[PDB]
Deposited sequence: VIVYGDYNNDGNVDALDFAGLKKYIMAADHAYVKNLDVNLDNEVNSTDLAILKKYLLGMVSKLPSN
């Protein structure tokens, strides 16, 4: 139940960013739909990008 946590490891980091990019280049994964619009697409990737750059 942790948004952005692609590989379910308790961290939201570059590994998740890469996993999301691969995913979109290839279904519905709830914790990857970070804007809750019932799609996982490049908008979710862009949101995760901005999050990672603003995190700390």
Report the unmodelled segments of the deposited sequence as residue ranges counted from 1. 1, 28-30, 61-66
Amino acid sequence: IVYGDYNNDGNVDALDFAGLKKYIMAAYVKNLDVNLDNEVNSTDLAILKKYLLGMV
From here on, numbers count along this sequence of modelled residues.
Using the B-factor values recorded in the entry, state whether the Cα atom of residue 35 falls in the lowest, middle or highest third among the modelled residues of its chain. highest
Ordered by C-alpha B-factor within the chain, which third holds residue 47? Give me lowest, middle or highest, please. lowest
Should residue 20 be placed in the lowest, middle or highest third of its chain by the C-alpha B factor in the entry? lowest
